[PDB]
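Trainee: Sharing a structure with you now.
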Protein chains: 4
Amino acid sequence: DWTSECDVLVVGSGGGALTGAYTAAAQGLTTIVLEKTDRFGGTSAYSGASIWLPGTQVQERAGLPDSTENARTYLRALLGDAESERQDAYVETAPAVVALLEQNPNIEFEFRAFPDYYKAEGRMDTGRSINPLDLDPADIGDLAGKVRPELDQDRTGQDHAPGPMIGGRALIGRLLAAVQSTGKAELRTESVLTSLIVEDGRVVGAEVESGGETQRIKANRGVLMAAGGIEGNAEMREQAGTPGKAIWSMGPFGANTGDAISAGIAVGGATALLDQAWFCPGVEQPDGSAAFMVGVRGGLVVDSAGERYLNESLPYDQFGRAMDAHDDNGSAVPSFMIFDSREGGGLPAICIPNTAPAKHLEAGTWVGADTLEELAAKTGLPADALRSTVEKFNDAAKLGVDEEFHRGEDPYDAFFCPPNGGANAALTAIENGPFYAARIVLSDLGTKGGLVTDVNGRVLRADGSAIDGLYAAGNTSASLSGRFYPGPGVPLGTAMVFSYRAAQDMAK
Amino acid sequence: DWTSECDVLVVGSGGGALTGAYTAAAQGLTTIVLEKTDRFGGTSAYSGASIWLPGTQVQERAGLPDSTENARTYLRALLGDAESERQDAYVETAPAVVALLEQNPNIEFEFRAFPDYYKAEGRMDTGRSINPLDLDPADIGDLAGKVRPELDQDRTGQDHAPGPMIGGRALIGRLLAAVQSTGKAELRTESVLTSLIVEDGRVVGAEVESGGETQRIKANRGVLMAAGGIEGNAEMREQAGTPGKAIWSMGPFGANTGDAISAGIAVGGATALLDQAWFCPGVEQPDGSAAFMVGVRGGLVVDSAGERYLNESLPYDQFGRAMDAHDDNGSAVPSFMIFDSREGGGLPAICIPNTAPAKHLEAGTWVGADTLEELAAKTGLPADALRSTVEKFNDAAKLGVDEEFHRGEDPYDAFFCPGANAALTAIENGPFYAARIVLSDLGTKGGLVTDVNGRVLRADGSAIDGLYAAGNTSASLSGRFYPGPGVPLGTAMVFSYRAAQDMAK
Amino acid sequence: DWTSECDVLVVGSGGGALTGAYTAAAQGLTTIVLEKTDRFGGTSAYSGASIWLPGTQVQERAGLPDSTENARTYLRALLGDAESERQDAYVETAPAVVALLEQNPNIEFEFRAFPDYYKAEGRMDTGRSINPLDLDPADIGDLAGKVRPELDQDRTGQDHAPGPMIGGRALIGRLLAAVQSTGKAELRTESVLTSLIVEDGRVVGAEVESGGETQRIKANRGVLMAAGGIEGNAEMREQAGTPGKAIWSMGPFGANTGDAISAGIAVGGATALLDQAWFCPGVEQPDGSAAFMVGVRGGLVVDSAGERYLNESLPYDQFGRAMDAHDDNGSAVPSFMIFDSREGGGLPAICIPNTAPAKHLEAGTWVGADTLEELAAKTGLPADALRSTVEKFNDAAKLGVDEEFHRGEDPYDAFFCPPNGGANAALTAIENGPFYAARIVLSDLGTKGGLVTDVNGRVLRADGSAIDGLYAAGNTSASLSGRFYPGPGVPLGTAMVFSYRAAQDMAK
Amino acid sequence: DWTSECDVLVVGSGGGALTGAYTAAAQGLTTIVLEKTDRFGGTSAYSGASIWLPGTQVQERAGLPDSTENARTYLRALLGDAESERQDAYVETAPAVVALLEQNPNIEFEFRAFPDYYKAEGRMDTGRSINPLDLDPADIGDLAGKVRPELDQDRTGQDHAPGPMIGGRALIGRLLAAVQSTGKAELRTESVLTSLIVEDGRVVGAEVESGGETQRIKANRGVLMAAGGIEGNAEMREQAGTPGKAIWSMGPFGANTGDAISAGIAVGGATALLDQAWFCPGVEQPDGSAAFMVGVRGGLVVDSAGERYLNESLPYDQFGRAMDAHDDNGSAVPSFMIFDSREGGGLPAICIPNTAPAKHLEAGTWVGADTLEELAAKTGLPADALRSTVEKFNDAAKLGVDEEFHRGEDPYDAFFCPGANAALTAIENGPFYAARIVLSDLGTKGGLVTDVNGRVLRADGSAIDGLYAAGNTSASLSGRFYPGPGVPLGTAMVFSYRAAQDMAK
Ligand SMILES: C[C@]12C=CC(=O)C=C1CC[C@@H]1[C@@H]2CC[C@]2(C)C(=O)CC[C@@H]12
Ligand code: NA
């Protein structure tokens with residue numbers, strides 16, 4: 001009846017999953033990791049691998065003036081008392097996770113400056129998040145070729161480009177090497193959770209599609225589901241009311257289709273926040289997909305009425321939420337990013353992946369013109385309003401103050417701007433034609449709604465009771481952060497901590 | 001009838017071109033740089049930016065036991081006395097080029113291990129070549145977006161990926177920043193050399209297509225042509241007898257079409273070595289192009305007869321030359337690289353760009369099968385010979401010695417592998433694959449004949465006043481050899497520097 | 001009559017002087033540099049060599065989001081319109097000075113983070129100042145031994161310690177090499193300006209003591225006096241009303257005695273701001289001298305009444321000005337810095353030079369005790385008030401807020417604090433005895449009052465007319481900054497810019 | 001009866017001690033480190049932190065052409081077969097020590113050029129030694145203030161000067177951070193080993209003076225004694241026949257008084273090489289102490305007869321041994337270093353600490369004069385012989401050859417000089433100076449006899465169960481030789497590691 005057996009079964013292979021697998025296997029529990037696709041890492045592999053794990057040994061090594069209490073204060077100020085026990089667990093457990101992981105020879109992190117996202121008590125203007133060190137692929141043997149490549153390769157039919165592995169690729173490559181090095185773990189690809197197996201009300205294993213045949217895998221201590229969210233499932237998204245679209249999502253196409261969330265619902269798990277995501281603006285691509293637009297450093301953005309309606313330097317989640325809030329039947333989705341030839345026709349932001357302007361212009365996702373009047377005609381924006389919007393923005397750039405949306409009055413805004421700008425580095429006149437308009441959509445970096453869990457990642461029913469044997473973390477679980485993206489690395493940070501805590505709970 | 005005027009006119013924007021431009025502009029000479037395409041850097045931007053500039057302050061900072069004389073000895077042992085004065089100038093001038101460049105705040109290099117390519121007196125088993133440090137694109141302002149991206153982006157309709165600029169992108173980004181910082185240089189894109197202008201036998205400027213209109217640009221001290229070779233021009237290649245093909249060349253598509261070489265011929269410049277290139281094996285792509293295959297660490301390679309015929313770990317240029325030497329009317333071009341599923345279906349080498357196996361298999365550039373017999377059928381190799389070739393190779397892997405081609409008896413071979421011999425691994429865990437391998441290049445190396453200061457020479461050895469060439473616009477001093485990593489950029493940089501110094505006299 | 005002749009005669013050898021000398025000699029003017037002592041560099045050699053030269057090529061190479069207009073805006077917000085033409089000249093000329101200097105093979109700078117000092121529009125929280133790169137002494141031949149050593153060597157009978165030359169030593173070593181490399185400059189030590197020589201109302205040279213003989217040196221284009229301020233002259237200081245004391249000054253003992261200022265007065269030069277200095281708190285030394293106290297990270301400070309009266313994390317100039325403002329006949333000079341044994345008896349700040357606690361305690365500059373009551377007795381502070389002051393501060397540390405002086409509500413305050421948990425990194429309880437009290441005095445990093453100059457460094461008479469042939473910069477000139485120390489590197493930055501401009505003017 | 005207990009008790013806090021403590025605590029053994037003074041690091045903190053740990057991952061990252069066998073060959077050629085098993089263990093274990101340490105986030109090293117000290121097979125002319133990276137003190141929290149400061153601060157009543165921590169301060173700061181980070185170690189200052197405690201013939205702990213009260217600390221696996229040598233104990237030195245003097249030693253004043261060696265003798269430990277030290281010339285200071293003189297780049301040295309008697313560019317240990325060999329009742333100790341005003345009155349060498357010439361001249365340690373005749377009078381050297389010695393040296397400088405002592409015929413000699421021979425410079429531009437030079441040391445190197453795992457041995461070669469020694473508490477495997485930069489720290493680190501590994505079995 002059972003095909004194989006282990007102490008801890010982990011579904012998924014993102015940062016959280018592999019951290020949970022490591023925590024279990026490092027303390028002697030046999031572990032099996034199941035990855036649906038032919039590559040480990042999921043969206044985590046795509047990530048910059050910034051991780052919000054504050055007040056740990058890593059920041060101490062950088063002399064950073066911060067602490068557990070300062071971080072706790074920051075979360076409380078943003079989130080309120082909703083999920084305060086989970087906020088506490090997140091912050092307090094960070095040091096221990098980092099310490100455990102850094103004990104492994106394959107893992108080292110460092111602090112990297114990148115500001116927290118909201119003005120509030122406890123904010124770090126330079127940030128407090130950490131990153132895995134760049135990784136020479138030869139140092140993890142055959143595992144490197146099993147890591148999912150960066151977006152600029154993975155959506156163009158390519159594997160890893162010739163540099164070292166960095167960001168998400170370093171994170172996942174290092175985590176895989178550490179998991180393997182325990183000698184207690186089995187890492188499987190093309191292995192898909194189908195449903196959970198319950199005996200006497202306790203989750204005791206799972207049914208799994210692999211090699212076209214069904215398997216039943218027994219989990220003596222428990223099952224950690226960290227298999228992403230619903231971002232790739234248009235139906236579940238429509239049903240929940242999630243904004244954006246599956247095709248605009250920056251998750252790997254077809255990977256995160258809400259399987260683990262559904263499997264948990266099927267055994268009694270409650271859910272929450274299904275209409276929420278980790279939002280971001282996306283540059284629409286020729287093929288209908290999107291690219292993560294981050295680090296805006298010029299231009300402005302208008303609705304279909306040719307009017308500005310938000311601070312374009314806002315952090316990506318807040319930018320996205322502002323698009324959705326303003327949207328009336330497609331009036332803000334798409335929005336149009338307007339810019340001049342200051343950067344040779346480049347869009348003044350970082351786009352991931354980074355499709356050449358020529359390709360966008362061929363396809364009509366972007367449009368160019370010698371005057372704002374033509375640009376309006378070609379995009380359907382009112383000519384007079386566009387013209388007017390730009391003149392007004394340019395006036396604001398000259399004075400160095402944006403009275404309307406207060407762009408450039410925040411360290412996040414300033415962090416990305418190049419030198420020799422002007423009075424305000426975030427406000428630069430749009431005036432040296434040709435002029436361009438790029439379509440911007442409501443992308444995501446994964447959804448953040450899912451199964452309700454407690455401080456140790458146990459999945460809960462509607463009455464708050466724990467489903468024995470079942471755990472969830474990362475975007476399979478409803479995030480403690482609610483409607484907020486507090487700073488860089490929260491999605492990976494929360495995924496990693498609660499995967500660790502769930503593995504610790506299974507070890508008791 | 002002059003549109004504009006300058007002291008030094010530089011055609012091209014590769015490593016050499018920008019080094020020449022910097023050398024001129026740093027000492028006060030007004031300089032104009034003309035790049036044909038919309039991006040600076042050419043093939044140099046694609047490069048790993050390893051540079052063979054031995055015995056300089058950079059290697060001293062790394063405590064490297066090497067010297068000018070040791071490097072000279074290495075070149076003499078490989079190349080003989082052919083072009084010995086240029087060998088001497090190359091080696092002796094390296095320190096000064098590096099010193100000048102590193103005085104600019106935007107430029108720093110470091111030593112990076114990568115072995116020289118031939119067993120000979122003066123070889124460095126760990127290498128002596130240097131590289132520019134990684135560069136944060138925000139540190140050179142608007143120039144970063146004007147640098148040609150890496151191959152893995154540039155042939156898939158993409159710009160720079162999110163990391164730092166490294167290799168050729170660091171080299172060109174840093175060189176551009178240094179050239180701009182002089183305040184004496186004008187950097188132009190979409191500006192194409194059409195022909196040279198001569199008055200009383202001296203090159204005094206050039207005719208240039210830009211903005212759809214013709215321009216005439218005056219060069220008081222001279223014209224440095226470092227606009228690449230003929231690699232992208234099938235006609236010139238066929239006429240010269242150059243092996244390989246334009247479509248297989250790793251140069252940027254349509255950029256290096258021999259324009260500067262032709263313009264030099266047109267005014268009396270002699271040429272040499274036009275049938276030579278910087279060769280490399282290439283993995284054939286679905287669209288007919290190729291990818292640079294370097295750092296082989298497994299598999300074996302067979303001709304169309306299903307037989308091994310070379311050491312597959314040879315340096316890329318020597319590998320290429322071996323393909324050409326063995327080729328009888330397509331018997332070795334293509335060759336087939338045979339490998340198993342040890343790396344999950346990946347090919348056991350570094351391929352640039354790195355197209356996924358699935359794409360190759362969909363297109364038929366690669367072919368897969370559960371047995372060697374089916375693999376033979378699907379590729380048109382003899383089944384018996386293939387089967388036999390593999391069994392024999394696997395025996396050699398087990399013993400740790402390849403008696404037939406001596407693979408794995410050299411530090412280059414070992415450098416890319418952490419078994420009895422790291423370079424010899426049995427092919428046995430199906431599915432099995434065969435990938436088509438072609439005769440690619442990293443640019444051609446034939447061109448205008450020059451002297452030690454880069455002056456272009458006529459057939460009688462006299463110098464064409466006012467005209468200079470370096471990089472692949474010039475015939476390389478290295479003849480039929482690729483001595484070690486970084487020679488193409490190294491020679492381009494030194495002679496571009498020396499030409500600028502000559503124009504300054 | 002004339003002993004020798006040159007185009008440009010430079011008096012002094014600090015950062016300004018050598019920058020002026022370079023600017024002249026690089027464009028073909030014969031130059032003679034006169035240094036009073038046996039070593040080049042003065043207080044500039046002692047410095048950290050942070051230089052406030054905003055919006056230049058150096059910051060562009062670090063991607064810094066700042067500009068000339070932003071820096072101008074910062075100065076205007078602090079200084080008002082007093083000296084606005086000089087503010088403009090300072091900011092606008094920075095790029096050209098840096099460019100000229102970096103064109104020399106011996107000179108390179110880099111940006112280094114260190115915050116600006118006042119909350120105001122145009123502030124850089126991370127800073128915008130630059131520094132010379134560390135220098136291997138072998139790279140400038142015999143010149144290295146002619147540079148004045150750092151404070152931690154120069155006041156203890158020592159020459160350079162074994163590392164590379166850094167901070168001020170790098171600055172002066174590199175500047176000297178660049179000046180020498182022109183082949184147009186003569187660098188002299190033990191050569192003292194005595195007085196200026198005037199013919200038909202124009203300064204045409206100077207009288208100079210060297211080798212015990214008097215010399216008369218002719219200056220065809222002019223004389224640049226950048227020979228420091230009056231900091232080492234108790235008489236001039238007392239006459240002008242300058243706070244602090246010569247003995248407490250961090251300038252080299254006996255070097256900057258106001259000679260150039262006096263020589264300028266003697267030929268009609270007006271003066272201003274003679275009662276102002278670049279102030280800082282100083283840790284009183286056994287021998288009566290002081291040490292620059294910067295980067296406070298703990299403790300508190302009380303007046304003679306045992307009460308706090310300032311934010312102890314203030315920038316050093318502001319801290320100093322607060323000491324002087326509060327001082328009533330020695331009630332705040334000295335003040336007492338109170339701290340516990342958290343750092344093993346070390347004082348929680350950077351002190352330059354860094355005299356060991358044992359030496360202070362032996363001499364009585366510092367005093368230690370097991371209880372605050374004894375500590376009070378031994379220092380003459382009221383026991384009740386001290387006890388009370390500390391309890392209240394410790395309460396504030398526990399809450400993480402200092403309601404009384406708002407310490408730790410500013411990026412400068414936070415910049416120096418180590419991670420030590422705690423709600424606020426700048427507030428740490430004083431509680432683990434023994435307890436110590438260190439005497440703190442009103443030190444300086446030079447005075448800033450002097451000869452009135454225009455935008456090209458010409459010395460002016462009371463009516464604003466220019467004294468033909470005479471220029472001043474650095475602390476020989478009255479600073480454009482008035483009563484403010486805007487940020488790190490202003491003293492060197494102003495000295496360098498106006499020395500450059502003066503040399504350019506002489507070249508016309 | 002026991003005050004506290006641990007698995008591994010380490011006495012001392014130099015590079016060896018902390019490496020041993022780390023090796024133990026990193027693999028889960030509870031560790032207690034005892035430092036006698038109020039600061040960690042001892043002489044190791046003073047050091048340049050050059051470390052002779054050849055053939056490791058660090059040198060591979062620098063592309064250095066060297067290996068374990070090459071280094072072994074070097075040691076064998078110098079030392080012979082005396083202690084060959086320990087030579088082997090030293091060389092073979094270097095990679096593993098470096099690898100373990102560099103796995104800690106707080107530790108990173110890099111190769112830094114500095115030549116090996118003897119002409120012999122296996123020598124590296126550029127060196128093979130490594131150094132810890134410079135360290136920002138804020139990165140190790142409260143530990144920075146617990147590291148002993150550099151000599152130029154520590155003997156003048158000062159703490160750390162304002163730069164980053166470098167050399168020995170970086171080494172010790174980084175090692176302390178790594179030891180603390182394990183969470184298995186307790187670091188104690190002002191805790192002095194008094195004597196060892198033995199039960200049933202096995203060392204099981206130690207008695208320790210701390211806080212004016214005696215403590216007894218139990219060591220379940222063992223006691224590593226790495227508490228320096230006898231350098232600061234004039235009695236033990238005189239008894240053993242050690243040349244030089246305690247006050248001239250560059251160790252911290254009063255720290256290394258041979259306590260651990262005596263404690264080991266008291267329980268049966270044999271000793272060897274007590275008359276040997278890591279010698280160096282020292283510049284005599286006004287207060288009677290000395291300063292390490294290294295990197296001589298000019299001048300010459302005479303005995304009290306006004307005659308040269310050695311190559312002044314010899315490595316410091318060889319220089320010292322030559323002073324001792326020539327000494328007849330003070331005829332060479334002191335010697336006089338003679339130099340001109342080429343460097344403005346500076347002495348042409350690096351001196352640590354670096355006392356100003358004015359201070360020496362006030363005190364009469366140095367003497368200056370306008371002629372060699374006056375200089376001779378003021379120092380008591382024969383005028384004729386001095387004059388004659390200098391003329392002859394200046395002739396040798398003009399030819400570029402020193403026939404008498406062969407100065408400047410070796411890469412060490414040249415390394416410190418940027419003339420026909422860079423190491424030979426005429427002494428001719430007055431004023432002239434004579435500085436007194438004495439026989440200093442960088443610690444003594446005699447001590448307890450140990451085996452390849454650092455176990456302390458009795459006279460018959462049997463191991464004293466539970467007792468280990470490394471660094472200068474142990475008799476060095478190097479005998480009468482200082483092979484190259486970093487041997488003292490290198491040996492201390494390797495055998496401390498091995499001892500901790502042996503305790504872990
Ligand atoms: C000579 C020495 C000492 C003992 C040893 O074993 C190895 C070395 C080499 C490194 C130098 C050090 C002495 C101090 C030096 C000169 C520095 O201050 C910088 C480099 C250091
Ligand atoms: Na790509």
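Ordered as shown in the structure tokens, chains take letters A, B, and onward, while each chain numbers its residues from 1 and ligands are numbered from 1 in the order shown.
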Would you please extract all alpha helix (DSSP H) residues from region 105-343 of chain D, as assigned by DSSP on the backbone, and give them as a count of residues only?
Mentor: 43
Trainee: Within 12 Å of chain D, which residues belong to chain A? Use only C-alpha atoms and report them as an NGL selection string.
Mentor: :A and (56-65 or 98-111 or 132-133)
Trainee: Counting only C-alpha atoms, which residue out of D:493, D:417, D:438, D:338 sits closest to residue 324 (chain D)?
Mentor: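 Under the stated criterion, the closest residue is D:438.
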Trainee: Show which residues sit within 12 Å of residue 316 (chain C), as a ChimeraX atom specification. Count only C-alpha atoms, and ignore same-chain residues fewer than 3 positions away.
Mentor: /C:116-118,277-282,292-296,310-313,319-323,349-351,412-413,441-445,484-488
Trainee: List every residue of region 158-299 of chain B that DSSP, applied to the backbone of this structure, assigns to strand (DSSP E), and report them as a PyMOL selection string.
Mentor: chain B and resi 185-188+191-199+202-210+213-225+271-272+277-284+290-294
Trainee: Please write the residues from the selection above to a file, keeping C-alpha atoms, as an mmCIF file, in the first residue's frame.
Mentor:
```cif
data_model
loop_
_atom_site.group_PDB
_atom_site.id
_atom_site.type_symbol
_atom_site.label_atom_id
_atom_site.label_comp_id
_atom_site.auth_asym_id
_atom_site.auth_seq_id
_atom_site.Cartn_x
_atom_site.Cartn_y
_atom_site.Cartn_z
ATOM 1 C CA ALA B 185 36.514 62.470 -26.840
ATOM 2 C CA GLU B 186 33.265 62.194 -28.730
ATOM 3 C CA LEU B 187 31.599 58.759 -28.765
ATOM 4 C CA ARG B 188 29.243 58.094 -31.681
ATOM 5 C CA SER B 191 28.252 55.888 -37.568
ATOM 6 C CA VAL B 192 29.764 53.763 -40.307
ATOM 7 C CA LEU B 193 33.157 54.131 -41.987
ATOM 8 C CA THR B 194 32.518 54.112 -45.768
ATOM 9 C CA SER B 195 35.981 54.965 -47.119
ATOM 10 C CA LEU B 196 39.242 56.695 -46.295
ATOM 11 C CA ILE B 197 40.200 60.122 -47.655
ATOM 12 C CA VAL B 198 43.733 60.621 -49.023
ATOM 13 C CA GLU B 199 45.590 63.823 -49.966
ATOM 14 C CA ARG B 202 48.481 60.541 -46.763
ATOM 15 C CA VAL B 203 45.248 59.402 -45.077
ATOM 16 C CA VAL B 204 43.784 62.664 -43.700
ATOM 17 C CA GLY B 205 40.258 61.653 -42.690
ATOM 18 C CA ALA B 206 37.352 59.464 -43.643
ATOM 19 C CA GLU B 207 33.960 59.390 -45.237
ATOM 20 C CA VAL B 208 31.247 58.252 -42.819
ATOM 21 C CA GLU B 209 27.521 57.302 -43.075
ATOM 22 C CA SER B 210 25.507 58.647 -40.158
ATOM 23 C CA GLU B 213 23.707 61.506 -44.610
ATOM 24 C CA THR B 214 27.369 61.353 -45.579
ATOM 25 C CA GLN B 215 29.998 63.114 -43.499
ATOM 26 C CA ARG B 216 33.656 63.837 -44.036
ATOM 27 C CA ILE B 217 35.734 63.818 -40.898
ATOM 28 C CA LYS B 218 39.222 65.231 -40.781
ATOM 29 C CA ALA B 219 41.914 63.517 -38.786
ATOM 30 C CA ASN B 220 44.943 65.717 -38.192
ATOM 31 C CA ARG B 221 47.193 63.059 -36.615
ATOM 32 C CA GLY B 222 45.628 59.895 -38.006
ATOM 33 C CA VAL B 223 42.992 57.224 -38.258
ATOM 34 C CA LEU B 224 42.994 54.093 -36.097
ATOM 35 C CA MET B 225 40.898 51.331 -37.609
ATOM 36 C CA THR B 271 46.896 41.880 -46.221
ATOM 37 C CA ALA B 272 47.908 38.551 -44.746
ATOM 38 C CA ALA B 277 40.506 32.870 -37.582
ATOM 39 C CA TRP B 278 40.255 32.555 -33.854
ATOM 40 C CA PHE B 279 38.525 29.199 -34.136
ATOM 41 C CA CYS B 280 36.362 27.315 -31.713
ATOM 42 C CA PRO B 281 33.884 24.460 -31.783
ATOM 43 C CA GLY B 282 30.286 25.623 -31.748
ATOM 44 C CA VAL B 283 27.078 23.899 -30.748
ATOM 45 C CA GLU B 284 24.742 24.275 -33.715
ATOM 46 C CA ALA B 290 26.270 28.477 -33.146
ATOM 47 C CA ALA B 291 27.277 28.738 -29.527
ATOM 48 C CA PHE B 292 30.911 28.851 -28.266
ATOM 49 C CA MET B 293 31.680 25.484 -26.661
ATOM 50 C CA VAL B 294 34.371 25.821 -24.032
#
```
Trainee: Within 6 Å of ligand 1, which residues show up when you count only C-alpha atoms and all ligand atoms? List them as a PyMOL selection string, please.
Mentor: (chain C and resi 162) or (chain D and resi 48+50+485-487)
Trainee: Rounded to one decimal, what separation in Å do you get between CA of residue 492 (chain C) and CA of residue 18 (chain C)?
Mentor: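 Here the two named atoms are 11.4 Å from each other.
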Trainee: Using only C-alpha atoms, find which residues of chain B lie within 6 Å of chain D and jot them down as a list in words.
Mentor: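 Close enough to count are residues 63, 113 and 126 of chain B.
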Trainee: Those same residues - C-alpha atoms - I'd like them written as a CSV table (one decimal), in the first residue's frame.
Mentor:
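again-v9.csv, freshly written:
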```
chain,number,residue,atom,x,y,z
B,63,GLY,CA,52.6,37.7,-6.4
B,113,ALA,CA,43.7,31.9,-13.2
B,126,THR,CA,47.7,28.6,-14.0
```
Trainee: What are the residues of chain A lining chain C at 12 Å or less? Count only C-alpha atoms, and put the answer as a ChimeraX atom specification.
Mentor: /A:54-74,113,121-126,128,297,398-401,408-427
Trainee: Give the residue list for ligand 2 at 6 Å, counting only C-alpha atoms and all ligand atoms, as a PDB file with C-alpha atoms, in the first residue's frame, sorted by chain and then by residue number.
Mentor:
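Produced file out-v5.pdb, reproduced below:
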```
ATOM      1  CA  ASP A 152      16.052  36.450 -18.306  1.00  0.00           C
ATOM      2  CA  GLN A 153      16.910  32.859 -19.330  1.00  0.00           C
TER       3      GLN A 153
ATOM      4  CA  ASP B 152      22.783  35.078 -23.693  1.00  0.00           C
ATOM      5  CA  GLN B 153      20.753  38.346 -23.981  1.00  0.00           C
TER       6      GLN B 153
END
```
Trainee: Would you kindly return, as a list in words, each protein, DNA or RNA residue with an atom no farther than 12 Å from any atom of residue 25 (chain B), considering only C-alpha atoms and excluding same-chain residues fewer than 6 positions away?
Mentor: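 Neighbouring residues, sequence-local ones excluded: residues 6, 7, 8, 9, 10, 18, 19, 31, 32, 33, 176, 178, 179, 180, 181, 182, 183, 184, 185, 186, 187, 497, 500, 501, 503 and 504 of chain B; 103 of chain C.
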Trainee: Which polymer residues have any atom within 8 Å of an atom of residue 291 (chain A), counting only C-alpha atoms, with same-chain residues fewer than 5 positions away left out, as an MDAnalysis selection string?
Mentor: chainID A and resid 248 250 282:285 351:354 443
Trainee: Would you output that residue set with N, CA and C atoms, as an mmCIF file, in the first residue's frame?
Mentor:
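File written: result-v1.cif
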```cif
data_model
loop_
_atom_site.group_PDB
_atom_site.id
_atom_site.type_symbol
_atom_site.label_atom_id
_atom_site.label_comp_id
_atom_site.auth_asym_id
_atom_site.auth_seq_id
_atom_site.Cartn_x
_atom_site.Cartn_y
_atom_site.Cartn_z
ATOM 1 N N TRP A 248 0.251 37.340 -16.094
ATOM 2 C CA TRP A 248 1.060 38.475 -15.689
ATOM 3 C C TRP A 248 1.905 38.125 -14.502
ATOM 4 N N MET A 250 4.714 36.641 -12.102
ATOM 5 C CA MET A 250 6.146 36.364 -12.338
ATOM 6 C C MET A 250 6.618 35.008 -11.840
ATOM 7 N N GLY A 282 3.992 45.593 -13.758
ATOM 8 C CA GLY A 282 4.694 44.801 -14.746
ATOM 9 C C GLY A 282 4.686 45.530 -16.076
ATOM 10 N N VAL A 283 5.776 45.416 -16.828
ATOM 11 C CA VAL A 283 5.846 45.948 -18.173
ATOM 12 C C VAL A 283 5.272 44.869 -19.069
ATOM 13 N N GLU A 284 4.189 45.174 -19.780
ATOM 14 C CA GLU A 284 3.573 44.174 -20.636
ATOM 15 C C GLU A 284 4.528 43.742 -21.730
ATOM 16 N N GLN A 285 4.627 42.440 -21.940
ATOM 17 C CA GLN A 285 5.458 41.875 -22.986
ATOM 18 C C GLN A 285 4.665 41.593 -24.276
ATOM 19 N N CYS A 351 13.749 46.218 -15.335
ATOM 20 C CA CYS A 351 12.688 45.304 -15.761
ATOM 21 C C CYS A 351 13.240 43.890 -15.806
ATOM 22 N N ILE A 352 12.516 42.951 -15.185
ATOM 23 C CA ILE A 352 12.939 41.568 -15.133
ATOM 24 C C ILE A 352 11.823 40.647 -15.655
ATOM 25 N N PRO A 353 12.000 40.033 -16.834
ATOM 26 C CA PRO A 353 13.182 40.045 -17.703
ATOM 27 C C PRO A 353 13.254 41.348 -18.480
ATOM 28 N N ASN A 354 14.387 41.572 -19.121
ATOM 29 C CA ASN A 354 14.695 42.864 -19.727
ATOM 30 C C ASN A 354 14.661 42.845 -21.230
ATOM 31 N N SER A 443 1.067 43.042 -12.194
ATOM 32 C CA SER A 443 1.768 41.780 -12.061
ATOM 33 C C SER A 443 1.769 41.369 -10.587
#
```
